[PDB]
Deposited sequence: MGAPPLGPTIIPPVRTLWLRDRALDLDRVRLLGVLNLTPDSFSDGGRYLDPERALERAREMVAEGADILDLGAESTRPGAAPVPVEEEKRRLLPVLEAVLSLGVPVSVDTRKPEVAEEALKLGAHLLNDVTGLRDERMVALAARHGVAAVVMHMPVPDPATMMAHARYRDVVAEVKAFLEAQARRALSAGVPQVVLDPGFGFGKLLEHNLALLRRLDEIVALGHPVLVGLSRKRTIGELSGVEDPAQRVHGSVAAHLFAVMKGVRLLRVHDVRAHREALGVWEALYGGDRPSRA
């Protein structure tokens, strides 16, 4: 019944959908072609960590020719503007649409936006702000506030993401994971991204970030069991395979 707006079409959330990550930070149309072949539903491109335009736009234009929905991971409006101008289908804002300029672009271009949580919009100081009295309550309050605001300003739809690994201690990431159902209960499609994250390395005992697929799949299946229908992942094939089994069983 639930769907995700992608600028010119609606994507069914009757089954879990995957946002395959394409990181352009220090042609990738080929990596994009592979991810689609592997089952990615949306391609998430980001040159975040202008020089951002130089790295992102050229690739964005090439990948868009595949006809698959493209999400742009950027916090700078000047980038979003140009990304949507070329045809981006989804705006992924790690700073949670704090910037009105971002809200405006979304509503103007008629594109949904992902509101992710960060205690503070500054990546360099977020870890100094992981001191929530009640992390689940506070994240829900922030998400719901950014959502109502964005929706009233003309944003077609908003996807909520608790932002795992952003200004959060393991204790906080765990609490949010275990009570993820409470975020889904807010009524908006929920997106999570635990691929490669420190939380996974900590719980699975894997120090190398590129070797965390089994723990990430496990965390993601748990999230799916909690009602999440959108996953931001690196190993697209691993999740398509796992979901092929999980969705046939849990349902």
item	value
Deposited residues absent from the coordinates (by C-alpha)	1-13, 40-52, 76-85, 288-294
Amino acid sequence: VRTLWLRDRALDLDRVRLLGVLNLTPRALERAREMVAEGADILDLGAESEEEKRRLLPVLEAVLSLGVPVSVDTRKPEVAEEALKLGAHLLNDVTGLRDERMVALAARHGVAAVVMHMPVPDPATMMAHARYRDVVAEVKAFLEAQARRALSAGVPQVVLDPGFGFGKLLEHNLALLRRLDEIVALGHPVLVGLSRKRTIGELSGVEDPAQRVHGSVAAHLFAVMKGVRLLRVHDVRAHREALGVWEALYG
From here on, numbers count along this sequence of modelled residues.
| query | finding |
| --- | --- |
| Residue stretch of maximal mean CA temperature factor, 223-231 vs 6-14 | 6-14 |
| Stretch with the higher entry mean CA B-factor, where the candidates are 123-131 and 75-83 | 75-83 |
| Criterion, highest CA B-factor; candidates, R178, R101, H117, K140 | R101 |
| C-alpha B-factor winner, where the candidates are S216, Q211, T199, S49 | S49 |
| Where the record places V190 (Cα B-factor, split into thirds across the chain) | lowest |
| Entry-reported Cα temperature factor of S152, expressed as the chain third it lands in | highest |
| Assigned third (lowest, middle, highest) for the C-alpha B factor of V245 | lowest |
| Lowest, middle or highest third - CA B-factor, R108 | highest |
| Ranked C-alpha temperature factor of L203 among modelled chain residues, by third | lowest |
